[PDB]
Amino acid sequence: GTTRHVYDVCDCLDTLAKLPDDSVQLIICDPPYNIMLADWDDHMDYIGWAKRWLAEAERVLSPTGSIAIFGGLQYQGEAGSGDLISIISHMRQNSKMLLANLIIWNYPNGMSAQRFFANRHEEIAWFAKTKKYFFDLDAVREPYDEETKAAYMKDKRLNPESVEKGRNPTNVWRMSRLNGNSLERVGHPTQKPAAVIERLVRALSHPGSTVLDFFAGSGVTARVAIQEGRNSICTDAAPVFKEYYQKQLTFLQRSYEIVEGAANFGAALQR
């Protein structure tokens, strides 16, 4: 009943290259949306660079696996950059994966704007490797209060089972981002709130399966994986990632084993 979690500082392609085909159940992907100066030696645009890990991501996913890709739809056209649409368009043309849902993360607060509608959303593209993708809706249903539940149980037109299990969360999630006073905050500039990752982990992966994140950033995926009983592999190219990861652990003050080093990826792949 003990889960395994491996972490290390690596480039995404180097991590993927060490993972065998169909060995991962879920991938959390919140990638940078611009290439680096040196990348111009081999590419002419963002997708040219991104196509490599997107292909590798699909390769390591199991037949029942899925990948959630975070991104926006505000790309302006700057060379070397792109957004979630650049990725989706590429996938429609070159991948057999299915777009099972385009989730809208609608957050409450943000900056104001005088010349346009203030931005209050970012997206999550959920891609499934095949039609046999795993999905656990009941694990993420939102229960009605005892009052609403009662009013529905009296309505013979409605199914009692559905009422008791709760409502489908829908593909529009109203969840707030982390603020400067959040207890989760480890220092990463774009740290994602555990709440959003949790819903993905619960709905798109089963207990004891492997969750992979090669742009781990703050290491939030490992914390969620540990909490939900999943195994995990988290890597990020930034040396500071190790610090964030260790910090995530302190939040966990349960049976799990932490292992450093890409050479040990296997520990987290074992079912």
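Numbers follow the displayed sequence, beginning with 1.
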Quiz item: Hey, does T15 show up as a hole in at least a third of the other compared models?
Solution: no
Self-check item: Other entries omitting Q25, at least a third
Solution: no
Exercise. Going by the record, give me the number of deposited-sequence residues missing between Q253 and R254 as none, 1 to 3, 4 to 9, or 10 or more.
Key: 4 to 9
Quiz item: Which wins on mean Cα temperature factor, 158-166 or 81-89?
Solution: 158-166
Quiz item: Taking only the CA atoms, which stretch has the higher mean B-factor in the record, 236-244 or 49-57?
Solution: 236-244
Quiz item: Hey, out of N171, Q74, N106, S95, whose CA B-factor is highest in the deposited coordinates?
Solution: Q74
Quiz item: Say you rank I124, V201, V186, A195 by Cα B-factor from the PDB entry; which sits at the top?
Solution: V186
Practice problem: Could you look up the Cα B-factor of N101 in the entry and say which third of the chain it sits in: lowest, middle or highest? | Solution: lowest
Quiz item: So where's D30 on the chain's Cα temperature factor ranking, which third?
Solution: lowest
Quiz prompt | Chain third (lowest, middle, highest) by recorded CA B-factor, residue given as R120 | solution = lowest
Exercise. Sorting the chain's modelled residues by C-alpha B-factor, tell me whether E257 ends up in the lowest, middle or highest third.
Key: highest
Quiz prompt | Third of the chain's Cα B-factor distribution that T130 belongs to, per the entry | solution = lowest
